[PDB]
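Same chain, two versions here, written out as structure tokens and called structure 1 and structure 2.
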Structure 1
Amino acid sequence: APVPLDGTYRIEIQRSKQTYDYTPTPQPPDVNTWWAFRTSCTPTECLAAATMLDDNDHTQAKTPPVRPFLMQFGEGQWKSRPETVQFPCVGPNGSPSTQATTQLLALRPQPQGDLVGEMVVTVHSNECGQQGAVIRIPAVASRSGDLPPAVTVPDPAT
């Protein structure tokens, strides 16, 4: 004979505390993407461009053509341009919505030819109560071989 639920109740869902049931693989899984990179260096500044490759086949360009990934080196790191991305979300009230975000990738080179850095997501609007929140996601890039013959990369300077 449980005590009856009668009346107004506030229900509080503590999302910041959510956990996954143990599993020996990252949850959510990492996002792995393959890129054909090319670099153009003036004696003033360096730019790199990247064409996205297919996940089922790293020998082929991804179709339809993904916009070329532009990165610029400066102040010790590679950094892409902030992309203004809309983002679905759920507000503190349960109501689904969408919030405005800036996303970029920063990548810092290491001796052996690998890079380490992060993706940075910034929320600019407050539809879901997160205006001003900054999410950082660790990132690793490693060169796994040379350009695939079937794939062009445009000149970064153009």
Structure 2
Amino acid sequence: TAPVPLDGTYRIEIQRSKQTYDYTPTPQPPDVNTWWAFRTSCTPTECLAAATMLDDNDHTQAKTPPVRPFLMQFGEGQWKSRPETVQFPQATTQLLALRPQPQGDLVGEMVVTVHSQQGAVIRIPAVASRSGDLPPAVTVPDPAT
């Protein structure tokens, strides 16, 4: 029941054409694809994954300017990033949940909970698919550091 580690180049699609506002559809196309270099380190109790953003066209180089890496923790059968406060056209909490599919890719959603329209939950479906190994040029920060 330990998860498959997230290691290699991953393509994340935030499908904003399926965005919902309290389960009621509010489509905002187009979907947005980004590329990330994932590395995973597991202790006997937890598995953590760190992802550094790659450039949009050249996925062998980190994004310019540098973007801070985000972390995911596997628990309750899913990878979930820690909630982070983000300003919205109001203060929100935004996180990414990715559930491993039997096949190898991951399906989940981006969850944006509003705290200041104060209280709704914006859900955007998300897909993550592995695109080969890591870029040997990029250095992904080990989450066990």
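Start at 1 and count along the sequence of structure 1; that gives the residue numbers used here. Shifts are known only where both forms have a C-alpha. Between two forms, the rigid core is the largest collection of C-alphas that superpose within 1.5 Å.
Just one residue from the list 32, 60, 27, 42 crosses the 2 Å line for C-alpha shift between the two structures on a rigid core fit, and it is 27.
With the core superposed, residue 147 shows a C-alpha displacement below 2 Å between the two structures.
Taking 2 Å as the criterion, residue 136 does not count as shifted between the two structures: its C-alpha moves by less than this amount when the rigid core is aligned. Relative displacement of the residue 13 Cα between the two structures on rigid core alignment is 27.7 Å. Taking a Cα shift of 2 Å or more after superposition on the rigid core as the cut-off, the single stretch of three or more consecutive residues that moves between the two structures is 1-27.
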